[PDB]
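> I have a structure I would like to understand better, so I am pasting it below and will then ask my questions one at a time.
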Amino acid sequence: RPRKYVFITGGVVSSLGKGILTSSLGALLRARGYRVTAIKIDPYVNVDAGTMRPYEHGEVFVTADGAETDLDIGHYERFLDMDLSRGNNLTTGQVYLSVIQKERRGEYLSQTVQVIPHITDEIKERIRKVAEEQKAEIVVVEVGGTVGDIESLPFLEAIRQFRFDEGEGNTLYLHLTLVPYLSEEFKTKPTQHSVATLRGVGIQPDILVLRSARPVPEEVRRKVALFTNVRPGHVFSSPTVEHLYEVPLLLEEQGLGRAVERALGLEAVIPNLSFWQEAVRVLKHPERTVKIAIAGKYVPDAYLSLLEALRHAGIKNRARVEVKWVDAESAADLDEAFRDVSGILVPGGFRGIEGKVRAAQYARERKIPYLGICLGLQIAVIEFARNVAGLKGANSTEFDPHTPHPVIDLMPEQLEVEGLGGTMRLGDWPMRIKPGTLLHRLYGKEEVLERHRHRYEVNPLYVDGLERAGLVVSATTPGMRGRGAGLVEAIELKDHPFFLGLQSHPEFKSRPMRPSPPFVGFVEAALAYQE
Amino acid sequence: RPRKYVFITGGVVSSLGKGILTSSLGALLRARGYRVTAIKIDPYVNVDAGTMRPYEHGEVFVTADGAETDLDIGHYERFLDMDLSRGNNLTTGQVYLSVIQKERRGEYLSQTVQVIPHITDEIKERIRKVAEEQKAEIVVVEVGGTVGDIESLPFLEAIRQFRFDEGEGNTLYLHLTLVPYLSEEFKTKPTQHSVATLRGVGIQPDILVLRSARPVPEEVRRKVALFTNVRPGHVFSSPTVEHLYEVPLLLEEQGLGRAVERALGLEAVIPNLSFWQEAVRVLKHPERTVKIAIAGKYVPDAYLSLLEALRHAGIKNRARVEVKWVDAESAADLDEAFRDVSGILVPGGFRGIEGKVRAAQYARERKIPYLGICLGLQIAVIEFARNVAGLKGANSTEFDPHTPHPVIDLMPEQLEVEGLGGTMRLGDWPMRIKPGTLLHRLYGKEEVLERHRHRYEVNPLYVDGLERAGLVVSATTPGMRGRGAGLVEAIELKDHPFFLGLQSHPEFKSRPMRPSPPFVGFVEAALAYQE
Amino acid sequence: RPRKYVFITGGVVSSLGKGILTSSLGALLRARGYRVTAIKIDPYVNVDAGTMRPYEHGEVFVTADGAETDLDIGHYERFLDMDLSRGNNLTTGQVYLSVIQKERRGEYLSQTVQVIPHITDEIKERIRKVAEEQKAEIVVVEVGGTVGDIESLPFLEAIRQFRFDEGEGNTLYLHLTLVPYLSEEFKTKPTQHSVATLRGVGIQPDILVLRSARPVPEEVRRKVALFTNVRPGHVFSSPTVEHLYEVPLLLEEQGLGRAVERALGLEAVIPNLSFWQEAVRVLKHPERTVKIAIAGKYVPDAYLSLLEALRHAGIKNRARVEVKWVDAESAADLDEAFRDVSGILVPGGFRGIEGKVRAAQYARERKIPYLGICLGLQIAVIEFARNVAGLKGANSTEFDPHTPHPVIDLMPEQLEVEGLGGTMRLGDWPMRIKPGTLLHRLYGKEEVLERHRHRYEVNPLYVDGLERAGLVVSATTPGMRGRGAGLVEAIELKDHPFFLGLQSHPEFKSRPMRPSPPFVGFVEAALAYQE
């Protein structure tokens with residue numbers, strides 16, 4: 001059977017929730033039993049999100065294969081419930097670099113190389129290759145940027161060519177626009193202009209989705225349909241909502257799923273959205289409520305996946321997890337700052353370390369549930385080494401390269417591989433959990449995979465000592481490709497309600513349908529502490 | 001004083017002679033005493049014309065610095081009478097590669113990199129850097145491609161930004177369009193639409209040039225002026241003409257030069273166009289006429305510079321040089337094929353060698369003026385080695401790598417430099433001419449520079465022998481950067497009216513104001529042979 | 001000296017307050033001593049607002065010359081403090097009808113007539129003719145509709161042609177756009193696209209005004225400036241405000257006035273905005289506060305000028321006039337409906353009459369200040385005739401054509417003029433006020449002009465009787481062109497704090513700088529009643 005392509009573009013302005021739209025349509029299609037995948041096109045020149053601030057100006061997601069991508073990929077994995085790869089984040093830098101390298105190597109056999117057809121060919125081929133390896137019957141492609149700008153032009157053209165290449169019934173085009181609401185009057189002029197510009201570059205949308213404060217009434221939607229050339233029944237609303245998980249349920253309700261099936265010539269399949277329905281029920285009507293503090297170094301979307309993991313966890317506990325932001329780098333005031341808190345979470349980063357060290361001490365001495373992710377584990381290791389192992393001024397050579405006790409340092413030279421020096425650990429790394437530990441109790445397995453993004457590890461040489469002082473290493477890595485063999489992956493304390501730290505980013509793999517165990521435990525313990 | 005920028009764009013269709021327009025405006029400005037330069041923007045992805053067919057689909061020009069550029073650069077050098085560099089041919093591949101390399105190296109300090117402002121900044125900086133090193137007061141920039149297409153978009157935007165960056169009075173914009181002529185009716189609709197699209201991307205042309213079979217009458221030009229927002233006096237004609245050298249004279253006549261001075265706030269300077277006037281006089285009223293044959297391997301624009309050199313030469317001889325194209329690779333029929341010919345020229349290339357070998361033999365035995373360029377010299381060396389030195393099956397290892405006598409082969413290992421193996425000789429190479437020779441008689445100097453583009457040289461080991469058989473080496477190279485020291489640059493025969501060959505491409509440096517000596521001699525000798 | 005033209009266009013969406021923008025710029029220019037005028041272009045096909053609902057879907061303003069125009073004209077008169085004519089409201093119907101009539105009469109001398117130049121010529125000529133008769137040095141023209149739509153196209157083209165026709169320095173172009181505000185992020189994409197579309201039709205704005213919830217910061221304004229081709233200092237903000245009168249003060253503050261003077265090559269004049277400053281002071285800090293009820297038949301902008309008159313009045317009384325909307329057509333409940341009210345106003349119309357009759361009775365018997373406009377006077381006449389003159393079932397033949405007492409009926413046949421039958425009275429009509437009356441006390445003159453828009457008059461035959469029953473006719477009309485000679489223009493009662501009715505629409509001539517006397521009295525009396 002023919003593979004189907006659903007393209008999604010945006011108009012008028014950006015920030016209309018096009019990523020959640022892509023994710024929501026992907027979920028609707030999966031709830032129908034199809035094998036699906038999503039590709040995020042980012043018109044920027046960056047080859048990948050590798051040279052960008054990992055938290056600062058938005059979170060940089062990390063795929064199982066170690067790719068550093070745009071945060072939308074995380075939205076896709078969570079809504080489609082699947083592992084994506086670096087091929088799912090296509091950028092201008094990738095496409096142009098890849099094409100330029102080919103002609104310098106003379107691979108274009110002496111022809112003059114141009115945006116069309118060469119850059120556009122490269123783009124389509126990349127879309128098909130990824131869809132091929134992930135064996136998808138339906139692939140949802142989101143074009144980043146805004147129709148009408150210069151950057152997305154090569155991509156709008158590339159996807160326009162799919163209609164002819166794939167044959168009738170195999171491609172569908174959706175365009176998301178902004179419909180400001182004043183009067184109680186909906187202003188449709190901007191979407192009329194956006195669609196007109198779109199047709200100008202050669203694309204006729206099949207389906208329109210109108211972003212606005214509230215749903216666009218039928219009368220208005222019909223008018224938009226007639227002046228855009230789109231069937232009235234193919235114009236939908238995208239109202240602002242309280243919970244993102246409402247989006248798919250809402251879109252299916254209006255008939256977007258039905259419209260897409262038909263437009264693609266697929267026989268109607270009744271979707272099973274029971275999960276989304278229950279998740280939204282739990283979200284609107286929590287059974288309980290507990291607040292936890294995030295002593296973060298970056299107090300938007302810097303912790304997108306993190307906050308998502310907590311939400312997936314609260315649902316699993318039928319509880320609304322309220323988040324308190326504690327600067328941490330801001331001194332002695334830990335009693336008030338953690339008063340109405342029942343759990344303390346220290347997330348990753350790469351400045352305010354000393355402030356976080358204090359947050360861990362307080363949580364360890366006051367018996368407050370503590371979860372440490374990436375840097376969060378290192379901090380707990382650092383403060384433990386100081387205040388329990390008596391290692392004066394213990395630290396990571398990241399913050400203090402001259403510390404007398406580098407309990408945390410770069411990849412030991414003994415476990416390093418040729419040509420990989422100075423490269424952090426990325427993507428899935430195997431983790432061997434220790435039976436009888438808290439970790440083991442949370443996961444329920446001995447071998448699991450968790451994603452990483454860091455270049456500092458617990459110094460092997462200080463392990464024996466820290467363990468004697470009471471620190472527990474509930475997990476390590478048998479290594480990978482002969483690298484980092486034996487490195488500590490998790491730590492915890494026995495005489496404590498809940499004190500756990502992991503070197504990986506478990507938020508990344510967290511899914512609404514499968515909460516990350518470390519977070520499920522954190523929220524659970526937090527509830528216990530609350531009484 | 002402020003540097004001035006004159007941008008030139010094209011609309012409706014390509015192939016309107018925009019390159020000659022740029023060149024003609026550059027000449028008009030030079031005839032006024034200004035220090036000028038021209039930059040050719042080629043929207044293609046190729047980093048340079050290096051991986052393209054050197055002759056086949058158009059000639060690839062070579063600058064003094066060894067850059068392989070688009071052929072327009074040659075038009076610029078000839079009309080502006082100056083040496084340009086690789087910085088004068090800007091492409092999409094250069095700009096994107098250069099920007100992509102910078103962000104992978106993290107030089108963009110973690111920001112997200114985009115076409116605007118990063119790709120556009122790169123473009124403007126490249127335009128300014130080149131204009132800086134060549135100390136130009138006025139720089140004419142030609143944007144390749146056609147307004148309305150996707151590829152030139154980053155460049156149209158980059159140059160639009162110059163107006164603000166440079167301040168009032170320092171930038172001017174010209175747009176060339178097609179005005180079809182039916183009825184005796186001139187169709188202005190296409191240029192109305194082109195200009196409207198141009199304004200759409202943010203540029204308002206100051207000057208319009210209308211390409212058409214004949215000049216566009218004042219009535220029509222006025223109408224175009226009013227609907228485009230351009231002053232009536234700033235709309236000019238570009239009629240098809242017999243001789244390209246007529247273009248500048250024609251444009252100055254209508255007042256383009258005057259308009260540009262004013263628009264740039266420069267006090268009127270009366271241009272001295274005496275040279276162009278005389279050259280066109282000689283071209284329209286030749287004193288004599290001689291035909292010569294070009295036994296070329298590529299029998300358009302494959303020999304652009306070559307044909308230009310011959311024209312510059314004919315003018316210096318007050319004679320119209322008619323060119324006969326002899327396939328060469330097509331057997332025994334040399335009497336008819338060279339009947340009404342008074343000179344035989346064998347140009348460069350990298351197939352029909354055996355056919356050319358025959359053309360050289362005939363010209364040597366029949367006392368017919370012979371000029372050999374690049375391969376042309378090697379061929380003459382090959383046929384001489386065979387038929388005069390008795391070297392059976394002598395050849396170049398390029399055509400016969402197994403010949404028993406590689407009289408012509410790759411760069412001898414003794415004269416090669418580390419890391420430069422397999423790289424041909426490019427750009428200016430010093431040539432030491434031998435006194436008393438024909439070469440010496442033509443140039444009138446002992447040391448000159450000529451441009452190269454080839455990876456095969458006369459085998460040093462066969463020189464002594466060939467010289468004893470009567471071959472003369474009237475020039476060699478003291479080398480360059482310790483490479484190719486001693487290589488033969490030219491050959492000739494004593495008992496012959498005119499038999500000369502050079503390893504370089506002397507056409508490249510030929511200028512209308514300064515004909516290349518080797519060609520001046522060729523045409524002169526050709527005339528002698530004619531009687 | 002040359003006449004100056006300031007054109008104003010709108011983009012992205014309509015409803016951005018472009019009318020108040022035009023009015024506010026007009027006021028800024030008048031505060032500088034210039035003779036100004038404004039022209040409202042309405043792209044609709046209606047020849048004038050004559051066949052449109054006079055109140056229902058927005059108020060239809062009426063000029064001194066009896067023209068029924070769009071409501072913006074009222075905004076212009078109030079802000080520019082001047083009388084405009086029908087030539088100040090230009091529409092598509094006017095322009096096309098006028099051009100079509102000319103070619104049917106063969107006035108185009110057999111040429112083929114087209115939108116360009118014929119329709120466009122007609123448009124420019126109409127703009128100049130009106131500006132001529134009103135001797136304006138600066139004329140502000142507002143183009144209705146939204147750039148990007150089909151209807152305004154002929155007009156955008158017409159005004160583009162002014163630049164060339166008028167010469168340098170005499171025309172200026174402003175474009176108003178929507179800049180949505182999310183994040184605290186201002187979305188500039190829509191205005192970038194709007195301006196780009198504008199340039200596409202051939203116009204380059206000189207000044208930009210950005211409509212948004214709050215003022216657009218300098219950083220954002222600068223970015224918009226660079227991508228639109230507009231000087232940074234020529235990009236302004238138009239934030240939403242509490243009082244419209246704040247707009248001019250705000251725009252002058254940012255420097256719009258300064259920018260316009262300069263752009264038009266006029267030497268800086270310091271504007272006297274003392275009036276606007278004081279009016280806004282009084283509006284933000286009222287001395288007192290009184291609420292009055294409007295028993296209207298149309299309970300938006302249906303009473304634009306009406307509400308404006310009340311505001312001008314409250315300012316003159318240093319009091320905030322709160323308005324209560326009483327349906328009137330909705331029965332016995334007059335005590336609650338008028339509880340917290342200190343004045344009852346019955347406005348014009350042409351259904352719920354019986355409901356209004358009751359409102360007048362209550363206000364007359366309870367000694368509550370009463371002001372009747374147009375129908376409001378007739379109603380007071382009708383209820384007086386019934387409840388005081390004992391004329392059972394008295395009425396207007398408009399509501400009851402079969403009433404036994406048509407105290408109000410159409411223009412008496414005795415006072416009608418040939419060919420004017422069935423045509424209501426429009427524009428200024430002279431009114432002779434009677435000394436010693438309340439009317440006379442309010443105006444302070446014996447002869448004044450007030451605008452009309454109605455076809456029903458008080459029956460002359462019932463006057464004598466009503467006067468004996470206590471009704472006072474404090475004003476009549478000596479007629480006009482021999483029509484309606486002697487008709488009643490106003491009525492009132494002696495034994496009452498304030499009971500006054502006028503047949504004209506005094507709201508229409510009301511100005512912020514000169515409140516309409518009838519309203520000044522109403523608000524004053526209302527305050528008295530309040531104690």
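Lettering and numbering for the structure tokens are positional, with chains as A, B, ... in the shown order, residues counted from 1 in each chain, and ligands counted from 1 in the shown order.
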Listing only residues of chain C within 6 Å of chain B, what is the closest atom pair and its distance in Å (to one decimal) for each, using only C-alpha atoms, sorted by chain and residue number ascending, as a tab-separated table?

residue	atom	partner	partner_atom	distance
C:196	CA	B:200	CA	5.0
C:199	CA	B:199	CA	5.5
C:200	CA	B:200	CA	4.6
> Deliver the residues from the most recent selection as a file, using N, CA, C and O atoms, as a PDB file, in the first residue's frame.

ATOM      1  N   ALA C 196       4.539  44.902   2.647  1.00  0.00           N
ATOM      2  CA  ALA C 196       5.080  44.273   1.439  1.00  0.00           C
ATOM      3  C   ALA C 196       4.016  44.196   0.339  1.00  0.00           C
ATOM      4  O   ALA C 196       4.318  44.366  -0.845  1.00  0.00           O
ATOM      5  N   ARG C 199       3.609  47.836  -0.998  1.00  0.00           N
ATOM      6  CA  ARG C 199       4.665  48.197  -1.948  1.00  0.00           C
ATOM      7  C   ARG C 199       4.355  47.528  -3.278  1.00  0.00           C
ATOM      8  O   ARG C 199       4.589  48.096  -4.338  1.00  0.00           O
ATOM      9  N   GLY C 200       3.830  46.309  -3.196  1.00  0.00           N
ATOM     10  CA  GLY C 200       3.463  45.559  -4.383  1.00  0.00           C
ATOM     11  C   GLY C 200       2.484  46.312  -5.274  1.00  0.00           C
ATOM     12  O   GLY C 200       2.598  46.259  -6.495  1.00  0.00           O
TER      13      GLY C 200
END
> Please list as a PDB file with C-alpha atoms, in the first residue's frame every residue within 12 Å of residue 64 of chain B, counting only C-alpha atoms and excluding residues in the same chain fewer than 2 positions away.

ATOM      1  CA  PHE B  61      37.005  32.181 -16.687  1.00  0.00           C
ATOM      2  CA  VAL B  62      40.164  32.161 -14.581  1.00  0.00           C
ATOM      3  CA  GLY B  66      43.746  31.186  -9.907  1.00  0.00           C
ATOM      4  CA  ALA B  67      40.034  31.366  -9.225  1.00  0.00           C
ATOM      5  CA  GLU B  68      37.679  29.486 -11.538  1.00  0.00           C
ATOM      6  CA  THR B  69      34.674  31.756 -11.919  1.00  0.00           C
ATOM      7  CA  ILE B  73      34.034  38.037 -14.664  1.00  0.00           C
ATOM      8  CA  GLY B  74      35.800  37.988 -18.020  1.00  0.00           C
ATOM      9  CA  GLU B  77      37.843  42.546 -16.688  1.00  0.00           C
ATOM     10  CA  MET B  82      41.271  45.349 -14.538  1.00  0.00           C
ATOM     11  CA  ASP B  83      42.243  42.217 -12.660  1.00  0.00           C
ATOM     12  CA  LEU B  84      39.506  40.777 -10.477  1.00  0.00           C
ATOM     13  CA  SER B  85      39.736  38.030  -7.879  1.00  0.00           C
ATOM     14  CA  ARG B  86      37.629  35.165  -6.589  1.00  0.00           C
ATOM     15  CA  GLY B  87      35.931  37.584  -4.226  1.00  0.00           C
ATOM     16  CA  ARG B 425      48.418  25.111 -12.304  1.00  0.00           C
ATOM     17  CA  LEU B 426      46.014  28.036 -11.982  1.00  0.00           C
ATOM     18  CA  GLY B 427      46.139  31.813 -12.188  1.00  0.00           C
ATOM     19  CA  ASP B 428      49.151  33.930 -13.069  1.00  0.00           C
ATOM     20  CA  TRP B 429      52.460  32.120 -13.515  1.00  0.00           C
ATOM     21  CA  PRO B 430      55.665  33.975 -14.447  1.00  0.00           C
ATOM     22  CA  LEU B 449      52.472  36.901 -16.444  1.00  0.00           C
ATOM     23  CA  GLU B 450      49.929  34.659 -18.189  1.00  0.00           C
ATOM     24  CA  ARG B 451      47.083  32.644 -16.657  1.00  0.00           C
ATOM     25  CA  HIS B 452      46.948  28.853 -16.532  1.00  0.00           C
ATOM     26  CA  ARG B 453      44.388  26.073 -16.089  1.00  0.00           C
ATOM     27  CA  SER B 504      48.809  29.225 -20.663  1.00  0.00           C
ATOM     28  CA  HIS B 505      45.529  30.811 -21.734  1.00  0.00           C
ATOM     29  CA  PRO B 506      46.580  34.217 -23.076  1.00  0.00           C
ATOM     30  CA  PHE B 508      42.092  35.439 -20.446  1.00  0.00           C
ATOM     31  CA  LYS B 509      44.202  38.555 -19.995  1.00  0.00           C
TER      32      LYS B 509
END
> Tell me, which residues of segment 84-170 of chain C carry DSSP strand (DSSP E or B), written as a ChimeraX atom specification?
/C:89-91,138-143,147,149
> From the DSSP assignment of the backbone, select every residue of segment 29-191 of chain B that is helix (DSSP H, G or I), and format the answer as an NGL selection string.
:B and (29-30 or 49-51 or 72-80 or 86-88 or 92-104 or 115-133 or 153-160 or 162-166 or 189-191)
> Which neighbours of residue 516 of chain A fall inside 8 Å, counting only C-alpha atoms, when residues of the same chain fewer than 4 positions from it are skipped, and could you give them as a list in words?
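Here the qualifying residues turn out to be residues 309, 312, 313, 506, 507, 509, 510, 511 and 520 of chain A.
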> For atom CA of residue 487 of chain C and atom CA of residue 78 of chain C, determine how far apart the two atoms are, in Å to one decimal place.
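Calculated distance between atom CA of residue 487 of chain C and atom CA of residue 78 of chain C is 28.7 Å.
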> For segment 41-51 of chain B, list every protein, DNA or RNA residue within 7 Å, evaluated using only C-alpha atoms, and leave out those in the same chain fewer than 2 positions away; present the list as a ChimeraX atom specification.
/A:100,103-104,106,110,112-115 /B:39,53,60,68-70,89-94,142-145,151-152
> List the spatial neighbours of segment 277-293 of chain C as an NGL selection string - criterion: any atom at most 8 Å away, only C-alpha atoms, same-chain residues fewer than 5 positions off excluded.
:C and (243 or 245-246 or 249 or 315 or 318-326 or 338 or 340-345 or 526-527 or 530)
> Take the residues from that selection and write them out as an mmCIF file, in the first residue's frame, keeping N, CA and C atoms.

data_model
loop_
_atom_site.group_PDB
_atom_site.id
_atom_site.type_symbol
_atom_site.label_atom_id
_atom_site.label_comp_id
_atom_site.auth_asym_id
_atom_site.auth_seq_id
_atom_site.Cartn_x
_atom_site.Cartn_y
_atom_site.Cartn_z
ATOM 1 N N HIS C 243 -9.717 57.153 26.918
ATOM 2 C CA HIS C 243 -10.457 58.227 26.262
ATOM 3 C C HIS C 243 -9.886 58.561 24.892
ATOM 4 N N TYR C 245 -9.894 61.194 23.169
ATOM 5 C CA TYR C 245 -9.214 62.492 23.148
ATOM 6 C C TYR C 245 -7.749 62.386 23.542
ATOM 7 N N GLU C 246 -7.359 61.221 24.054
ATOM 8 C CA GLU C 246 -5.974 60.992 24.439
ATOM 9 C C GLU C 246 -5.111 60.752 23.195
ATOM 10 N N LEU C 249 -3.021 63.723 21.696
ATOM 11 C CA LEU C 249 -2.008 64.083 22.693
ATOM 12 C C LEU C 249 -0.861 63.070 22.715
ATOM 13 N N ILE C 315 -18.201 67.537 30.001
ATOM 14 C CA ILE C 315 -16.946 68.257 30.172
ATOM 15 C C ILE C 315 -17.229 69.719 30.504
ATOM 16 N N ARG C 318 -17.936 69.829 33.884
ATOM 17 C CA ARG C 318 -16.943 69.163 34.718
ATOM 18 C C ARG C 318 -17.575 67.957 35.417
ATOM 19 N N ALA C 319 -18.367 67.179 34.680
ATOM 20 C CA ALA C 319 -19.029 66.005 35.251
ATOM 21 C C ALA C 319 -19.063 64.798 34.309
ATOM 22 N N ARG C 320 -18.901 63.614 34.883
ATOM 23 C CA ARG C 320 -18.912 62.369 34.121
ATOM 24 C C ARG C 320 -20.363 61.917 33.957
ATOM 25 N N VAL C 321 -20.864 61.944 32.723
ATOM 26 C CA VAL C 321 -22.240 61.543 32.461
ATOM 27 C C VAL C 321 -22.361 60.046 32.208
ATOM 28 N N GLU C 322 -22.916 59.320 33.168
ATOM 29 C CA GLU C 322 -23.086 57.886 33.008
ATOM 30 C C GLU C 322 -24.411 57.646 32.291
ATOM 31 N N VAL C 323 -24.398 56.753 31.306
ATOM 32 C CA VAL C 323 -25.588 56.463 30.517
ATOM 33 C C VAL C 323 -26.260 55.133 30.816
ATOM 34 N N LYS C 324 -27.560 55.183 31.069
ATOM 35 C CA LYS C 324 -28.310 53.965 31.328
ATOM 36 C C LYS C 324 -29.187 53.696 30.111
ATOM 37 N N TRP C 325 -29.141 52.473 29.596
ATOM 38 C CA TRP C 325 -29.941 52.132 28.428
ATOM 39 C C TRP C 325 -31.271 51.485 28.796
ATOM 40 N N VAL C 326 -32.356 52.182 28.477
ATOM 41 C CA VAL C 326 -33.695 51.696 28.769
ATOM 42 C C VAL C 326 -34.351 51.319 27.452
ATOM 43 N N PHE C 338 -36.166 53.921 36.018
ATOM 44 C CA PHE C 338 -35.692 55.300 36.082
ATOM 45 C C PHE C 338 -35.277 55.703 37.494
ATOM 46 N N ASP C 340 -32.300 55.326 39.615
ATOM 47 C CA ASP C 340 -31.031 56.031 39.762
ATOM 48 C C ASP C 340 -30.712 56.923 38.562
ATOM 49 N N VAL C 341 -31.746 57.558 38.025
ATOM 50 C CA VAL C 341 -31.606 58.431 36.868
ATOM 51 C C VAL C 341 -31.964 59.872 37.238
ATOM 52 N N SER C 342 -31.288 60.830 36.620
ATOM 53 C CA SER C 342 -31.541 62.229 36.910
ATOM 54 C C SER C 342 -31.896 62.989 35.639
ATOM 55 N N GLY C 343 -32.098 62.243 34.561
ATOM 56 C CA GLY C 343 -32.447 62.856 33.296
ATOM 57 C C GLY C 343 -32.866 61.774 32.334
ATOM 58 N N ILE C 344 -33.870 62.061 31.514
ATOM 59 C CA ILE C 344 -34.365 61.096 30.536
ATOM 60 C C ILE C 344 -34.260 61.708 29.144
ATOM 61 N N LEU C 345 -33.584 60.991 28.251
ATOM 62 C CA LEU C 345 -33.384 61.454 26.887
ATOM 63 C C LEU C 345 -33.989 60.484 25.883
ATOM 64 N N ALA C 526 -29.837 67.901 34.839
ATOM 65 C CA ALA C 526 -29.710 66.567 35.405
ATOM 66 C C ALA C 526 -28.957 66.650 36.728
ATOM 67 N N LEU C 527 -27.909 67.472 36.751
ATOM 68 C CA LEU C 527 -27.094 67.671 37.946
ATOM 69 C C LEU C 527 -27.929 68.338 39.042
ATOM 70 N N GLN C 530 -30.110 65.970 40.658
ATOM 71 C CA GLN C 530 -29.318 65.106 41.525
ATOM 72 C C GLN C 530 -29.086 65.749 42.895
#
> When you look at segment 6-14 of chain A with a cut-off of 7 Å (counting only C-alpha atoms), what residues show up, excluding the ones that are within fewer than 2 positions of it in the same chain? I need them as a PyMOL selection string.
(chain A and resi 4+16+18+139-143+145-147+171-178+190-191+194) or (chain C and resi 187+189-190)
> Which residues come within 6 Å of segment 471-484 of chain A, counting only C-alpha atoms, excluding same-chain residues fewer than 5 positions away, as a PyMOL selection string?
chain A and resi 415-417+430-434+466+489-493
> Between atom CA of residue 52 of chain C and atom CA of residue 382 of chain C, what is the spacing in Å?
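Spanning atom CA of residue 382 of chain C to atom CA of residue 52 of chain C is a straight-line distance of 27.3 Å.
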> Expressed in Å to a single decimal, how great is the separation between atom CA of residue 399 of chain C and atom CA of residue 65 of chain C?
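Rounded to one decimal, the two atoms are 28.6 Å apart.
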